[PDB]
Amino acid sequence: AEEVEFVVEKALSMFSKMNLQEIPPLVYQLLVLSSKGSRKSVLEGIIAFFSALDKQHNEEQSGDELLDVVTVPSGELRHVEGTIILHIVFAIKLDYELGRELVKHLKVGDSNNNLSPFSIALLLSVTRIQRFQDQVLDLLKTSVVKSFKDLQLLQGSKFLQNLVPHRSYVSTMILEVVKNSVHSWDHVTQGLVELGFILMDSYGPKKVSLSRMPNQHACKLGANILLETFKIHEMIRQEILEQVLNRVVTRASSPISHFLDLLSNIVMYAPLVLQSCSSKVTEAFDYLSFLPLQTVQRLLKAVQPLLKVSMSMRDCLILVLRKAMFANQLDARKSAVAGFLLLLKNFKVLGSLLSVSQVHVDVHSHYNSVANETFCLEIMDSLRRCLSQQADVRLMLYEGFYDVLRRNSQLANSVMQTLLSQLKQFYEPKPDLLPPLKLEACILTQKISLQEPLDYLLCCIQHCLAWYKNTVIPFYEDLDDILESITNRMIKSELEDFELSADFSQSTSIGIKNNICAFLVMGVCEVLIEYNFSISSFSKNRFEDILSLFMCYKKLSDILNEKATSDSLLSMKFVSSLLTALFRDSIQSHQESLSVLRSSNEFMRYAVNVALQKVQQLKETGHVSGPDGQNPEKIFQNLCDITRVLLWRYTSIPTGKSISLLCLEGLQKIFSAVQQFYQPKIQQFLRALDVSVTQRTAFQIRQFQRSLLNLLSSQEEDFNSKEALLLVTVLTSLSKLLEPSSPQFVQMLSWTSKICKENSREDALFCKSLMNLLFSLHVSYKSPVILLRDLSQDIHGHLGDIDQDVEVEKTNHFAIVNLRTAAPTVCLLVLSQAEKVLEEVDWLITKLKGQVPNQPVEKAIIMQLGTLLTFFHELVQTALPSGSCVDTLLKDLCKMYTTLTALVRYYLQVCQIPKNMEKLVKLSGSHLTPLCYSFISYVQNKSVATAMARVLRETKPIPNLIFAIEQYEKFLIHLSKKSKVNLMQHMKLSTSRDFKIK
Amino acid sequence: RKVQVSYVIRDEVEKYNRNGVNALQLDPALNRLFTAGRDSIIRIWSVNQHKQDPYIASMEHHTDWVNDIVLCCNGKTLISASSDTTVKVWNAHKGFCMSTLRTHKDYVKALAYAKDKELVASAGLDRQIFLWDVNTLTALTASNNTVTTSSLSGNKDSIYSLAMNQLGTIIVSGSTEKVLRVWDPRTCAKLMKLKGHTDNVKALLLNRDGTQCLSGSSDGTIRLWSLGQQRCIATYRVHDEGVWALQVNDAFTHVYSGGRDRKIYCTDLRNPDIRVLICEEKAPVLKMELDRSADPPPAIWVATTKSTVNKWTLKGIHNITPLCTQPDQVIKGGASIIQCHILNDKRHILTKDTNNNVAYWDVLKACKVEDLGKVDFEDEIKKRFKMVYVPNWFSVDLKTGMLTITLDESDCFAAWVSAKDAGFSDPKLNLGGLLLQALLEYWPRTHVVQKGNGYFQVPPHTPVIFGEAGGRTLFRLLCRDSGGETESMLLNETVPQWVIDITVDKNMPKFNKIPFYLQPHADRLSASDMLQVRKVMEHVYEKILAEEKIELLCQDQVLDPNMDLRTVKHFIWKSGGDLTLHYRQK
C-alpha cells in the first residue's frame, strides 16, 4: 500500500522533466497502477500538473504576436489534455471508486481553488457516465453560483477589495473550456450543453435582490455556453436548437424571455441553422396555430433574423400562415394575422422566386416586382377581411398598419382606403348631427363587450395620414376634411350626445356600456389633440380647439375617477414635442398661440403626466405603446428631449401635485430607466443635457444637492417631505455613476456626511433614505464600522440606559439621529449594516480556513471585530423598544458570537496565539458577554392559534443567543487547551436565570 | 456537404470550343448547328456557307461536360444533359436556360427524343431513366414549378446511350450490362432484354415505326435488332476499335458509323458488302449529325475529342481510299489547357495548352499576365523558380479546358502574405480572404460605402460558382451580377458561413505559428510564419547592428536575413521535427 504511494509520488516528479507526448502513455499506466493502490494521489498529481501548464501557457500567450517565449504550443497542449481526459474517463468506467474520489476532490461554500479549465473539462466529459451525470453537473452548478456570490460580495465592499487579491472565477474558466473545446473536444460538448441548460432552467427569471444578480449571472452564463457551443460544434447544434424550441414553443406561458433571447442570438448565424438544424424551425412553424397570440408574436420576432436572409423559411412561414388563416378554428387566424403583419412590417419583397412522385424544378426566372405587388396586395386584402373580426384582431391591425405603410410605400393606397372604409362605418357625414361618431355600433351585445376600438382606429388613421403628407406627397384631402369635421363636432358636443353621468356602474349592463363609451371619447379626444397640434402649425385657433378637446377629455375623466387606468394614445414623439413647446418655446409667433395652452394649469399637469406614463411603460415592459415605441434608438432620443424639459422646469422655477414636483418624479423615473436599459448610452444621455461620465454626473449631482439644501433650510412645519424624498432618490441613482476612485465621489460622500451630521428632521422616512445613501457611499469607500460605532452611541444617548441608575452622555455625533428617529428607524438600519459587516468577515474567515496572505488579513479581521464589538457594546445597554429592535439585536448578537466562534475555530486549525487575538478575546469577555446577560434580563423582566404561534416564536431568540455564547466559550476552552494559554481568565462565570411566578 | 467556392479564369466571350464536342443538333428551319461541348458551353452556329463567321451565341449555364442535347418543339426548345448531374431546358431561339431538373444522382449521359409525342427521356450513370413531357417543362413558371416524374426501372448498370422512335412507343437503353433493355414509355413497362453485345453500348437508333433497332458498342460491332422477333438479325464488324457514333437515313437502309478508330463508314444494311469509307478524322469520333435536308443526305457533321467541328460531303457514296480528304466546312476551335503548375508564391500559374503555347496567369487578379509562346514548359518552371514558400490556398481543375480555381474552407485562408511580397504597396494580407471579397464585391451584403478588398478586382465577367464538395452546383452567377435582386436572395441562401465571416462580418482568419527553439552554435519560441530572420537576429542581440554582429544558421546552412521562417522550415530544414535555428556571432 505505502509502496504504491511512494512509486506514484516518484513518477509525479518525473512529469516535469519528460516530454509532453510521453505523458498520455504514462497516465494510462499510472491509472492502472492506481486501481490496486492509491487513487486520489494519482488524480491530484495529474490535475495539478496540467493546471500549472494551463496557467503558464495563458501568461506566455497573452501579448503581441511577435517573438514570444512559448514553452508549449496551444495546438499540442489541447491535444495532450484531451487524451489524458479520455483516459481518466475510461478508467472511471471500469473503476467506480476512481469516480467518487474525483467528485470528492473537486467538491465545492468555498472557492475550491482546485477547479481549473483542465479540471472543469475533465468533469464535463465524466458526465458521459450516467452514474455520475447528475452529481457532477450539480457540482458545477453550485460552483458557478457560489463564484458569482463571491464576485458580488467583493464588488460591493471596499474592505474586502483591499484584502482579497483578485482570483479567476468559475464562469470565466468554463467559457474558455468551450473555447479550448475547438481542438476536437467532442467528449466535453455533451456535458457542456446539459450544464448550459441547467443554468438556464434553474436560474431563469421567474417573474411569471441579493440572489437575483447571481441568478441572472448564472442564467446568462448558460446562454453564453450554449451560444458558443453552437458556433463551434456542428454535431451538437441540432440538439441545442431542438431543446431551445422545446422550451419556447409551449402553451404553459412560463417566463421564457431568456430562452427567446438565446434563440434570437442563435438564428443570427442563419447558414449554420439552415445547414443542419433546419427541420426544427419548420416544425415550430407548424405549431404556430395552436400557440397563443403572445407566444407567436415573440417567437416570430426571435426568428426574424433567419427569415430576413432565407427565402425557404419565409416561404414555409407564408404557407403555414395562409393555412392557419383559412382554418375555421379560432385563435389560429389571430396568429396568422400576427404572422402576416410581422412579415409585411419587415420585408418589402414577399414571395418565392409535393406528392410521392412530384419534384420541384429550379426555374431560372428573374425577380418580378409587379408579381411581388400582387403578392403583397393579396395579403393586404386578406387582412382587410379580418377587420370585421373580434376587437383583439382589430387592435393588432391598427397597430400594424402604420409600420406596414412605412415599410411598403406601395401599399399606402391599400392601407389608407382600408382605413377610410372602416371609418365610414362609424362616422356621421351630416354636418349638423351630433355626435360625429356612432359609439353604439362599437358595442357588441350578446354580456356587453367592445367590438370596435374607435379611438385606436383614429390613432392609426392620424399617424398614417401624417406619414402620407410628408413622405409620398413631396382620399387624403377627404380624410383631412373628415378629421376637421370630427374635431368641430366633438367640441360642440355637450357630452349628452354620447348618452353620457347616468349609471357609470361596474356591474350593470348600461354601466359597462357607459364605461366603455367613456374610454372611447377620451381616446378620441387625445388623438384629435395630437392632430390639431401638427396641422396649421402654431395657430391660436387650432390650439383653442385643443384646449376645448382637453376639457371634454378632462371632464369625462373626472366623472369616471370619482365614481370609481388606460394608456394614453399620444405618441411619445408628440409628448416630447408637446412638452418642449409648452415649456421651452420662445419664438415670437408661437408665444401668442401657446399662451392659450399655458394658461390652463390642468393641461400643464396632463402633458407632464402622460410623459411619466411613457417612462413608466418603458420600465415595466421595456418598450412604449405608441408608434415607434419598439425602436430603442428613437425611444432614447425622446428620453433625452423629455429629460431636458423636466430638468429645466424643475430647476428654473422651484416650488394635485405641483408641476415642478411632477417633473422631479419624471426625472427620477428617467434616470432609473436610462441606467436599466440604455447602459452603454449613458455618456450620450448625459451629453444631451444642457468631460467624462463622472464629471457630467457630478454637475447634475451638485445641481440636485443645492435643491435639497433649500428644503432643509426651511422650517420643520414647512418641510416638503415628498420633494426631499425624491431628491435623495435622484441623488442615490445619480451617485451610482460616479467612479469611487475619484474626487467627485469623495465630494458626494463628504456632502452626504455633512447633511446627516447637521440637519435634524422629524421625518422618519427622510432619515432612513438619507442614511441609506450615506451607507451606500461609505461602504464602497471604506469600512463603516467606525461610522456604525458612532451611530450606536447616539441611539444610546437618546434612548437612555437599561440600568436606570446611570446617565449616558449624549454624544450627538449625527443630528439626523434624534429621539424620534433613533428607534426603530436608525437602530434597525445600523443593525442591518452590522449584519453585512459580519457577512464580510465570515467570508474572510471561511477563505482563510480553507486556504490552509494571512497576517494582513488576520489583523484586519480582528480590527473589524474589535470595532464592531464596541458598536454592539453600546446597543446591549440601550433601552430599546420591545418591538423588532430587540428581536433584531438578539439575532445580530447571535451572529456576532457565531463569527467570534468561527475565528476561534480558525486558530484551532492554525495554532499548533497572537496578542491582537488575545485582546479581542479579552474585550469580548469584559464588554459584551456580561452585558448580554443584563440585556437578556432586561428584555424578559419588563413588559386563537395565531397567538399560540407568536408566543412560541418569541421563545426562540434568547435561547439562540445563549447557545451562541456557550458554543463560543466551548471552543475557547479548546483553544486554551491546544495553545497552552488560558483564555478563560478573561471570562467571568456564566450567569443563569430562573423563573419565579408572583 | 461543405460548400465550395469556385470561379473560372476566362474571357467574357468564348467564341470557339475550348475542349471536345460531345453532341450535335441541326436545325433545318434556321440552318443552325448546336454543339454540346466538353467546356460546359453550348454554342449555336450558322451552317450557311456565305457567313465567314458562323458563331451566333453561347449558351453557358452548365458547370461540367455537356453530354447530350436534343432539339425539340420545332427548334424552339433545347434539352441538355451534363456531367453536373442536371438536365436543363433552354430557349433555343434566344439562348438562355429556363429550368433545371435535378432528379439524377450521377452523370447524365443520354437523351432520347420522340418528335410526335414531344417526349424526352434522360438517362445517366445513376442507372435511372426519367421520362419528361417538353410542353409541361416549357410551360413551367416560378409559381408552377412542380412536375410528376415517371421513371423507368430495371437497369442494373450505368446507362451510356438512349433511343426513342418517332411515335414514342419504344425506348431502348444501352449500358455496361452489355445488353439492351426496351420499355414502353406510355405504360412505363418492360418489354424485352436484347442480348449479344460483349461490351458497353454508346450508340442506339430506331426507325419511325419502332420495330428495328441499330446499336453500336465498344466491341467494334454494329448489331441490327428486330423487336418483333426479339433477336439480332444482323451483325456488322466494320471498325477496328469501338463504335461510338451512329447515324441512319430515313429509309433505315444505310448506317453511318464512327468511333475510336477515327474512321467513318457508310454501311449498307441489306448487304454489308457495300462499305464506303467517308473520311478519316484527326481524333476519335464522339458524335455525328446527318444533314437530312435532301435524300440522300448531302453531308454529315462530325464531333471529335478536338475542339474543331467538321462537315463532310456525302456526294457520291451511292454513285481503302477515303471518299473525302478535306472537310467541306470547318468550325474553328480554341485550345485546351492540359498542364498546370502553381509557382512558389501560390499566386501565379504557368499553363500549357494543346497548341503547346505557354501562358502566365494571375490567380489573385483572375487574369492572364502574358503569353510566352511555344517555350519549353519545364524550362520555364525552373526559370521562374523563387526562394519562398506560401501555403496552398486554392485548387486547380482543367476538366473544361479552362482554368477553374476552387476555394475550400479547409485551406482557403491558410496563405498569409505580406503586402510587400505581393505587388501591392507593409500591411499583412490573406490571399484567400482578399479573393473572396473580390468575388463577392458586387454583393450588397458586403458593403458597410467601400467596395471589395481595396487592392484588386477580378474581371466583372468572372463566373462565380457555389457547389458542394463532390456534389451539385448550388448557385452559379457572374461577378457583376451579385447586385441584382434575384441573385442577392439566392446568394443569401447558398453562401456558406465560412465565407460570410470574411466577406460580411469582416472577421480576420487565424494566424498560424511555428514553434522554434534557438540553440547556440558550438529556449522555445513561437512566431508568425511571415516573420523574417532579421527579427530573430535582433531578439538574440538583446539577449547578448544586430544584423552585422549575429548570423543565423539552420542545418549547417547560413540563413538569408530577409527570408522568413516559413521558407526556412519548408526548404532548408528537411526534417520532421520542430524548426531549430542556431545563433552564432559573425
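Residues numbered from 1 in each chain as written, not as in the entry; some residues may be left out. Chains lettered and ligands numbered in written order. Part of a larger assembly, values for the part shown. Heavy atoms only, no water.

Method of structure determination, per the deposited record: cryo-EM was used for this entry, reaching 2.85 Å resolution.

The PDB entry annotates chain B as WD repeat-containing protein 48 of Homo sapiens. Here the PDB entry's recorded title is "Cryo-EM structure of USP1-UAF1 bound to FANCI and mono-ubiquitinated FANCD2 with ML323 (consensus reconstruction)". Among the UniProt annotations of chain B, the heading Sequence similarities holds the following wording: "Belongs to the WD repeat WDR48 family." (UniProt positions renumbered as here; feature names shortened; annotations may be inferred.)

In the nomenclature of the PDB entry, chain A is known as Fanconi anemia group I protein of Homo sapiens. For chain A, the Subunit (literature references left out) comment in UniProt is given as "Homodimer. Part of a FANCI-FANCD2 heterodimeric complex that binds and scans dsDNA for DNA damage. Interacts with FANCL. Interacts with MTMR15/FAN1. Interacts with POLN. Interacts with UBL5; the interaction promotes FANCI homodimerization." We quote the UniProt Sequence similarities comment for chain A here in full: "Belongs to the Fanconi anemia group I protein family."

Peer 1: Before we go on, may I ask you to explain the overall build of chain B in this structure?
Peer 2: From N to C terminus, chain B includes 8 helices and 45 strands. Structurally, chain B occupies a C-alpha span of about 100 × 60 × 50 Å along its principal axes. Per-residue burial for chain B yields a buried fraction of 58% across its 586 residues. When the accessible surface of chain B is split by element, carbon and sulfur atoms take 46% of a total near 25000 Å². (Helix = DSSP H or I, 4+ residues; strand = E, 2+ residues; numbered from the N terminus. Buried < 20%, exposed > 50% of the residue type's maximum accessible area, 1.4 Å probe, protein only. Areas by Shrake-Rupley, 256 points an atom, 1.4 Å probe, with all protein chains shown as cover.)

Peer 1: Before we go on, may I ask you to explain the sheet that holds strand β4 (residues 42–46) of chain B in this structure?
Peer 2: Sheets are built from strands that pair by backbone hydrogen bonding, the pairs being arranged parallel or antiparallel. Residues and elements named next belong to chain B. Ordered by their spatial adjacency, 4 strands build an open sheet running β2-β3-β4-β5, and the pairing between neighbours is antiparallel. Either end of the sheet is taken by a strand with one partner, and the two such strands are β2 (21–27) and β5 (55–59). Neighbour-to-neighbour, the strand axes of this sheet turn through a mean angle of 20 degrees, independent of strand direction. Note that strand β3 (residues 32–37) and β4 share 5 bridges and pair antiparallel. Bridge pairing links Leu33 to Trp45 in β4. (Pairing = 2+ DSSP bridges. Axes fitted to C-alpha atoms, helices over the stretch in contact; angles between N-to-C directions.)

Peer 1: Would you take a moment to explain the pairing of strand β39 (residues 463–468) of chain B for this structure?
Peer 2: Side-chain positions along a regular strand alternate between the two faces of the sheet. Residues and elements named next belong to chain B. Of all 6 residues in β39, 5 are buried; the element is thus mostly enclosed. Note that strand β1 (residues 3–9) and β39 share 5 bridges and pair antiparallel. If you follow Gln4 over to β39, its bridge partner there is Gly467. The loop that links β39 with its antiparallel partner strand β40 (residues 473–478) comprises 4 residues; one of these, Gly470, has a positive phi angle of about 60 degrees.

Peer 1: Is there a simple way to explain the packing of helix α25 (residues 509–534) of chain A against helix α26 (residues 540–563) of chain A in this structure?
Peer 2: Packed helix pairs are characterised by how far apart their axes lie and by the angle those axes make with each other. Residue and element names in this part refer to chain A. As a packed pair, α25 and α26 sit with axes 9 Å apart at the nearest point and diverge in direction by 160 degrees. Here α25 lies roughly antiparallel to α26, going by the angle between them. Classified by chirality, the crossing of α26 by α25 is left-handed. For the pair α25 and α26, the contacting residues are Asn515, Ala518, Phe519, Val521, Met522, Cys525, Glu526, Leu528, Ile529, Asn532 and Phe533 in the first and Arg542, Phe543, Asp545, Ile546, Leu549, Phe550, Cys552, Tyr553, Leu556, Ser557 and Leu560 in the second. In the contact of α25 with α26, the residues fall into 16 nonpolar, 3 polar and 3 charged. (Parallel < 35°, antiparallel > 145°, perpendicular 65-115°, else oblique. Left-handed = near helix turned anticlockwise from the far one by under 90°. Contact = heavy atoms within 4.5 Å. Nonpolar A, V, L, I, M, F, W, Y, C, P; charged D, E, K, R; others polar.)

Peer 1: What should I look at first to understand the nonpolar core in this one?
Peer 2: Inside soluble globular proteins, nonpolar side chains tend to come together where they are buried. Core analysis: the biggest nonpolar cluster contains 340 residues, and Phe285(A), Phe704(A), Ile795(A), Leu868(A), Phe872(A) and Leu903(A) have the highest contact counts within it. Element by element, the count of residues in this core is highest for helix α38 (residues 822–851) of chain A, at 15 residues. Setting aside its immediate chain neighbours within four residues, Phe704(A) contacts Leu647(A), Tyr650(A), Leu664(A), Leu667(A), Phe671(A), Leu727(A), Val730(A), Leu731(A) and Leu734(A). Counting residues in each nonpolar core, the second largest holds 48 residues, with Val363(B), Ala415(B), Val495(B) and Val499(B) among its members. (Core = buried A, V, L, I, M, F, W, Y, C linked by side-chain atoms within 4.5 Å.)

Peer 1: In this structure, what is going on with the pattern of salt bridges? I would like to understand it.
Peer 2: Note on pairing: side chains with opposite charge can pair once their charged atoms come close. Scanning the model with the defined rule gives 54 salt bridges over all chains in all. As a salt-bridge pair, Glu716(A) and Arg761(A) come within 3.4 Å of each other at their nearest N and O atoms. Within this pair, whereas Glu716(A) is found in the loop between α33 (693–712) and α34 (721–735), its partner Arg761(A) is found in the loop between α35 (743–758) and α36 (764–779), the two being separated by 45 residues in sequence. A salt bridge links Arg384(B) to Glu380(B), with the shortest nitrogen-to-oxygen separation between them at 2.6 Å. Look at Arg384(B) and you get buried, because its relative accessible area is 16%. Linked through salt bridges whose partners overlap, the residues forming this network are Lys345(A), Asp403(A), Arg406(A), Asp628(A) and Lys634(A). (Salt bridge = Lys/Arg side-chain N within 4 Å of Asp/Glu carboxyl O.)

Peer 1: Mind showing me how you'd approach the interface of chain A and chain B here?
Peer 2: The extent of an interface is frequently quoted as the accessible surface area lost upon association of the parts. Contacts between the two partners involve 30 residues from chain A and, on the opposite side, 42 residues from chain B. In total, about 3200 Å² of surface goes out of reach between chain A and chain B, with carbon and sulfur atoms giving 58% of it. Summed over the three residues of chain A that lose the most area to chain B, namely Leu67(A), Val361(A) and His364(A), the buried surface amounts to 21% of that side. Across the chain A-chain B interface, the total number found is 1 salt bridge. Between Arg102(B) and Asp362(A) there is a salt bridge, and its shortest N-O distance comes to 3.7 Å. At the boundary of chain A and chain B, one finds 13 residue pairs in polar contact. Those elements that provide at least two residues to the side of chain A that touches chain B are α14 (270–275), α18 (311–326), β1 (358–360) and β2 (362–363) of chain A. (Buried area = accessible area lost by both parts, 1.4 Å probe. Polar contact = N/O pair within 3.5 Å; in protein donor to acceptor, adjacent residues only side chain to side chain.)

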